[PDB]
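query.cif (mmCIF, C-alpha atoms)
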data_start
loop_
_atom_site.label_atom_id
_atom_site.label_comp_id
_atom_site.auth_asym_id
_atom_site.auth_seq_id
_atom_site.Cartn_x
_atom_site.Cartn_y
_atom_site.Cartn_z
CA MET H 1 99.17 59.98 106.44
CA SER H 2 97.29 63.20 107.08
CA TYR H 3 95.36 65.65 104.91
CA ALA H 4 98.70 67.38 104.24
CA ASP H 5 99.58 64.43 101.95
CA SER H 6 97.43 66.15 99.34
CA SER H 7 96.89 69.52 101.01
CA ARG H 8 98.89 72.73 101.42
CA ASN H 9 98.77 76.15 103.11
CA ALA H 10 97.42 74.79 106.38
CA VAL H 11 96.61 77.61 108.80
CA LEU H 12 94.89 77.92 112.17
CA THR H 13 91.47 79.55 112.08
CA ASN H 14 88.80 80.27 114.69
CA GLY H 15 91.42 81.28 117.24
CA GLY H 16 93.38 78.13 116.53
CA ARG H 17 90.98 75.22 116.75
CA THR H 18 90.04 74.82 113.13
CA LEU H 19 92.34 73.63 110.35
CA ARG H 20 92.07 75.57 107.11
CA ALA H 21 94.01 74.26 104.12
CA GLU H 22 93.88 73.66 100.38
CA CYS H 23 92.75 70.10 99.92
CA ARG H 24 93.36 68.69 96.48
CA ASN H 25 90.15 66.98 95.47
CA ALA H 26 89.87 64.09 92.99
CA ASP H 27 89.19 66.68 90.28
CA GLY H 28 92.72 67.91 90.90
CA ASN H 29 91.60 71.20 92.38
CA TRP H 30 92.61 72.89 95.62
CA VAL H 31 89.56 73.45 97.77
CA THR H 32 89.85 75.28 101.07
CA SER H 33 88.22 73.19 103.79
CA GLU H 34 88.09 73.54 107.57
CA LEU H 35 87.90 70.85 110.26
CA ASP H 36 87.43 71.59 113.97
CA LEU H 37 89.81 69.46 116.04
CA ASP H 38 88.60 71.10 119.28
CA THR H 39 85.79 68.55 119.13
CA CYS H 40 88.09 65.55 119.54
CA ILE H 41 91.21 67.10 121.09
CA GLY H 42 91.49 68.15 124.71
CA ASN H 43 94.11 69.10 127.29
CA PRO H 44 92.44 70.44 130.52
CA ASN H 45 94.90 68.41 132.58
CA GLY H 46 97.88 69.79 130.72
CA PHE H 47 98.20 66.80 128.40
CA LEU H 48 97.31 66.64 124.71
CA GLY H 49 95.48 63.76 123.09
CA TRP H 50 92.38 62.55 121.29
CA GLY H 51 89.22 62.01 123.29
CA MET H 52 88.50 65.10 125.34
CA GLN H 53 87.33 68.32 123.69
CA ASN H 54 87.83 72.07 123.87
CA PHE H 55 91.62 71.88 124.03
CA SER H 56 91.76 75.52 122.90
CA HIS H 57 90.25 76.38 126.27
CA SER H 58 93.26 74.92 128.03
CA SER H 59 96.07 75.76 125.62
CA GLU H 60 98.12 78.76 124.52
CA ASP H 61 100.08 79.58 121.36
CA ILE H 62 98.34 77.09 119.10
CA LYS H 63 100.24 76.68 115.83
CA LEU H 64 101.12 73.87 113.40
CA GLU H 65 104.67 72.55 113.70
CA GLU H 66 105.02 70.08 110.83
CA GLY H 67 103.23 72.56 108.60
CA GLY H 68 100.03 70.69 109.34
CA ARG H 69 101.07 67.15 110.24
CA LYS H 70 101.32 68.22 113.86
CA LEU H 71 99.77 70.92 116.04
CA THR H 72 101.87 72.42 118.81
CA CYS H 73 100.53 74.41 121.74
CA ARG H 74 101.09 74.90 125.45
CA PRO H 75 98.45 72.98 127.44
CA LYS H 76 97.77 74.99 130.55
CA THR H 77 95.54 74.15 133.49
CA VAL H 78 92.41 76.27 133.51
CA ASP H 79 92.76 76.43 137.29
CA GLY H 80 95.40 79.11 136.86
CA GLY H 81 96.99 78.95 133.43
CA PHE H 82 100.14 77.12 134.49
CA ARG H 83 101.49 73.86 133.05
CA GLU H 84 103.85 72.44 130.43
CA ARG H 85 104.14 72.78 126.64
CA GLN H 86 103.29 69.94 124.25
CA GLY H 87 102.31 68.91 120.75
CA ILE H 88 99.85 66.53 119.11
CA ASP H 89 100.14 64.91 115.69
CA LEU H 90 97.19 65.41 113.36
CA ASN H 91 97.24 62.10 111.58
CA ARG H 92 93.53 61.71 112.25
CA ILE H 93 92.54 64.68 110.12
CA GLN H 94 92.00 63.46 106.58
CA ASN H 95 90.83 65.04 103.34
CA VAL H 96 88.32 63.14 101.21
CA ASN H 97 87.50 64.58 97.78
CA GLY H 98 88.78 67.91 99.03
CA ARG H 99 86.56 67.79 102.10
CA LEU H 100 88.42 67.82 105.40
CA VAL H 101 86.89 65.25 107.74
CA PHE H 102 87.98 63.82 111.09
CA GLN H 103 88.91 60.17 110.89
#

Step by step, read the file and then write its structure as structure tokens.
Amino acid sequence: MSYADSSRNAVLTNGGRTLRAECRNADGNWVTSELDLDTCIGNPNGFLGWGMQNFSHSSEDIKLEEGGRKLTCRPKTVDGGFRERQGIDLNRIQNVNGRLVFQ
């Protein structure tokens, strides 16, 4: 499962590379935390996945599809800005005690 299991109102901040949502902490409170996926997600070749970084630099129209369980964007080659559209699931982004951390 992803942070969304116990988190709501997931939006795209910092242009669309950071996940901002209300993470329900153990105390039962909704704390707004942000995790930068641009550090572990990349798509300079036009393909999305975990490993490379700075995907925002090679993608357009970055928005969450499954309300936060998946991030959809069009990975475009930086060589010109042409490519294909795609989407990557964010099942690696977890929320521990209300703190959003990459796992």

message: Can you measure CA of residue 10 in chain H to CA of residue 81 in chain H for me? One decimal in Å is fine.
response: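 About the pair CA of residue 10 in chain H and CA of residue 81 in chain H: they are 27.4 Å apart.
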
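Counting from CA of residue 9 in chain H, the distance to CA of residue 21 in chain H is 5.2 Å.
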
query: Contacts of residue 49 in chain H at 12 Å or less, counting all atoms listed in the file, minus same-chain residues fewer than 2 places along, as a VMD selection string?
result: chain H and resid 37 to 47 51 to 55 70 to 73 75 86 to 92

query: Quick one: which residues end up in the PyMOL selection byres ((chain H and resi 29) around 12) for this structure, as a ChimeraX atom specification?
result: /H:6-8,22-28,30-32,97-99

- request: Tell me which residues the PyMOL selection byres ((chain H and resi 17-19) around 8) grabs here, as JSON, numbers by chain.
  value: {"H": [10, 11, 12, 13, 14, 15, 16, 20, 21, 33, 34, 35, 36, 37, 38, 56, 62]}

query: Any idea what the distance is between CA of residue 5 in chain H and CA of residue 61 in chain H?
result: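 If I compute the distance from CA of residue 5 in chain H to CA of residue 61 in chain H, I get 24.6 Å.
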
Listed atoms of range 22-34 of chain H boxed axis-aligned with 4 Å per side, centre + edges as AutoDock Vina command-line options:
--center_x 91.0 --center_y 69.7 --center_z 98.9 --size_x 13.8 --size_y 19.2 --size_z 25.3

Kindly add N, CA, C and O atoms to the incomplete range 4-28 of chain H and provide the output as a PDB file, in the frame of the given file.
ATOM      1  N   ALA H   4      97.545  66.703 104.831  1.00  0.00           N
ATOM      2  CA  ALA H   4      98.700  67.380 104.240  1.00  0.00           C
ATOM      3  C   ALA H   4      99.329  66.584 103.090  1.00  0.00           C
ATOM      4  O   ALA H   4     100.064  67.148 102.279  1.00  0.00           O
ATOM      5  N   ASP H   5      99.049  65.280 103.022  1.00  0.00           N
ATOM      6  CA  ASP H   5      99.580  64.430 101.950  1.00  0.00           C
ATOM      7  C   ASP H   5      99.156  64.978 100.589  1.00  0.00           C
ATOM      8  O   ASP H   5      99.886  64.876  99.602  1.00  0.00           O
ATOM      9  N   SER H   6      97.967  65.563 100.554  1.00  0.00           N
ATOM     10  CA  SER H   6      97.430  66.150  99.340  1.00  0.00           C
ATOM     11  C   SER H   6      96.774  67.490  99.675  1.00  0.00           C
ATOM     12  O   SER H   6      95.726  67.846  99.132  1.00  0.00           O
ATOM     13  N   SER H   7      97.399  68.224 100.588  1.00  0.00           N
ATOM     14  CA  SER H   7      96.890  69.520 101.010  1.00  0.00           C
ATOM     15  C   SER H   7      98.045  70.451 101.363  1.00  0.00           C
ATOM     16  O   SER H   7      99.093  70.004 101.832  1.00  0.00           O
ATOM     17  N   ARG H   8      97.856  71.742 101.130  1.00  0.00           N
ATOM     18  CA  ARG H   8      98.890  72.730 101.420  1.00  0.00           C
ATOM     19  C   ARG H   8      98.289  74.001 102.001  1.00  0.00           C
ATOM     20  O   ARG H   8      97.069  74.175 101.997  1.00  0.00           O
ATOM     21  N   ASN H   9      99.164  74.879 102.495  1.00  0.00           N
ATOM     22  CA  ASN H   9      98.770  76.150 103.110  1.00  0.00           C
ATOM     23  C   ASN H   9      97.816  75.936 104.276  1.00  0.00           C
ATOM     24  O   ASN H   9      96.740  76.532 104.338  1.00  0.00           O
ATOM     25  N   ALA H  10      98.223  75.078 105.206  1.00  0.00           N
ATOM     26  CA  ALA H  10      97.420  74.790 106.380  1.00  0.00           C
ATOM     27  C   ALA H  10      97.633  75.857 107.451  1.00  0.00           C
ATOM     28  O   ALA H  10      98.750  76.053 107.937  1.00  0.00           O
ATOM     29  N   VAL H  11      96.563  76.558 107.794  1.00  0.00           N
ATOM     30  CA  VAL H  11      96.610  77.610 108.800  1.00  0.00           C
ATOM     31  C   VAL H  11      95.648  77.311 109.941  1.00  0.00           C
ATOM     32  O   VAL H  11      94.823  76.395 109.848  1.00  0.00           O
ATOM     33  N   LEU H  12      95.742  78.096 111.006  1.00  0.00           N
ATOM     34  CA  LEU H  12      94.890  77.920 112.170  1.00  0.00           C
ATOM     35  C   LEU H  12      93.822  79.003 112.209  1.00  0.00           C
ATOM     36  O   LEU H  12      94.132  80.186 112.372  1.00  0.00           O
ATOM     37  N   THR H  13      92.570  78.602 112.064  1.00  0.00           N
ATOM     38  CA  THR H  13      91.470  79.550 112.080  1.00  0.00           C
ATOM     39  C   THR H  13      90.612  79.363 113.324  1.00  0.00           C
ATOM     40  O   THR H  13      90.794  78.399 114.082  1.00  0.00           O
ATOM     41  N   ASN H  14      89.695  80.307 113.541  1.00  0.00           N
ATOM     42  CA  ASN H  14      88.800  80.270 114.690  1.00  0.00           C
ATOM     43  C   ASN H  14      89.601  80.289 115.987  1.00  0.00           C
ATOM     44  O   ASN H  14      89.359  79.494 116.892  1.00  0.00           O
ATOM     45  N   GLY H  15      90.585  81.180 116.054  1.00  0.00           N
ATOM     46  CA  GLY H  15      91.420  81.280 117.240  1.00  0.00           C
ATOM     47  C   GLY H  15      92.587  80.312 117.199  1.00  0.00           C
ATOM     48  O   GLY H  15      93.682  80.614 117.675  1.00  0.00           O
ATOM     49  N   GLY H  16      92.348  79.142 116.627  1.00  0.00           N
ATOM     50  CA  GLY H  16      93.380  78.130 116.530  1.00  0.00           C
ATOM     51  C   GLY H  16      92.843  76.762 116.879  1.00  0.00           C
ATOM     52  O   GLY H  16      93.520  75.963 117.513  1.00  0.00           O
ATOM     53  N   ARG H  17      91.615  76.497 116.468  1.00  0.00           N
ATOM     54  CA  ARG H  17      90.980  75.220 116.750  1.00  0.00           C
ATOM     55  C   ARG H  17      90.496  74.555 115.479  1.00  0.00           C
ATOM     56  O   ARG H  17      90.141  73.372 115.467  1.00  0.00           O
ATOM     57  N   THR H  18      90.478  75.323 114.408  1.00  0.00           N
ATOM     58  CA  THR H  18      90.040  74.820 113.130  1.00  0.00           C
ATOM     59  C   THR H  18      91.193  74.826 112.130  1.00  0.00           C
ATOM     60  O   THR H  18      91.987  75.768 112.088  1.00  0.00           O
ATOM     61  N   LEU H  19      91.293  73.758 111.354  1.00  0.00           N
ATOM     62  CA  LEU H  19      92.340  73.630 110.350  1.00  0.00           C
ATOM     63  C   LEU H  19      91.834  74.066 108.990  1.00  0.00           C
ATOM     64  O   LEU H  19      90.893  73.480 108.460  1.00  0.00           O
ATOM     65  N   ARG H  20      92.446  75.093 108.430  1.00  0.00           N
ATOM     66  CA  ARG H  20      92.070  75.570 107.110  1.00  0.00           C
ATOM     67  C   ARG H  20      93.222  75.328 106.148  1.00  0.00           C
ATOM     68  O   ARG H  20      94.323  75.833 106.360  1.00  0.00           O
ATOM     69  N   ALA H  21      92.971  74.564 105.096  1.00  0.00           N
ATOM     70  CA  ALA H  21      94.010  74.260 104.120  1.00  0.00           C
ATOM     71  C   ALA H  21      93.423  73.977 102.747  1.00  0.00           C
ATOM     72  O   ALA H  21      92.212  73.790 102.603  1.00  0.00           O
ATOM     73  N   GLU H  22      94.292  73.945 101.743  1.00  0.00           N
ATOM     74  CA  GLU H  22      93.880  73.660 100.380  1.00  0.00           C
ATOM     75  C   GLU H  22      93.945  72.170 100.157  1.00  0.00           C
ATOM     76  O   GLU H  22      95.030  71.605 100.060  1.00  0.00           O
ATOM     77  N   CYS H  23      92.798  71.528 100.112  1.00  0.00           N
ATOM     78  CA  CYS H  23      92.750  70.100  99.920  1.00  0.00           C
ATOM     79  C   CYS H  23      92.530  69.771  98.458  1.00  0.00           C
ATOM     80  O   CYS H  23      91.536  70.184  97.869  1.00  0.00           O
ATOM     81  N   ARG H  24      93.474  69.067  97.860  1.00  0.00           N
ATOM     82  CA  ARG H  24      93.360  68.690  96.480  1.00  0.00           C
ATOM     83  C   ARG H  24      92.322  67.597  96.314  1.00  0.00           C
ATOM     84  O   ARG H  24      92.519  66.469  96.773  1.00  0.00           O
ATOM     85  N   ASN H  25      91.213  67.937  95.682  1.00  0.00           N
ATOM     86  CA  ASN H  25      90.150  66.980  95.470  1.00  0.00           C
ATOM     87  C   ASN H  25      90.453  66.096  94.266  1.00  0.00           C
ATOM     88  O   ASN H  25      91.379  66.398  93.506  1.00  0.00           O
ATOM     89  N   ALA H  26      89.675  65.029  94.093  1.00  0.00           N
ATOM     90  CA  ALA H  26      89.870  64.090  92.990  1.00  0.00           C
ATOM     91  C   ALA H  26      89.939  64.791  91.635  1.00  0.00           C
ATOM     92  O   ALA H  26      90.665  64.363  90.736  1.00  0.00           O
ATOM     93  N   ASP H  27      89.220  65.899  91.513  1.00  0.00           N
ATOM     94  CA  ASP H  27      89.190  66.680  90.280  1.00  0.00           C
ATOM     95  C   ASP H  27      90.550  67.326  90.005  1.00  0.00           C
ATOM     96  O   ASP H  27      90.830  67.792  88.900  1.00  0.00           O
ATOM     97  N   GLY H  28      91.397  67.335  91.025  1.00  0.00           N
ATOM     98  CA  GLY H  28      92.720  67.910  90.900  1.00  0.00           C
ATOM     99  C   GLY H  28      92.719  69.382  91.242  1.00  0.00           C
ATOM    100  O   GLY H  28      93.608  70.124  90.827  1.00  0.00           O
TER     101      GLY H  28
END
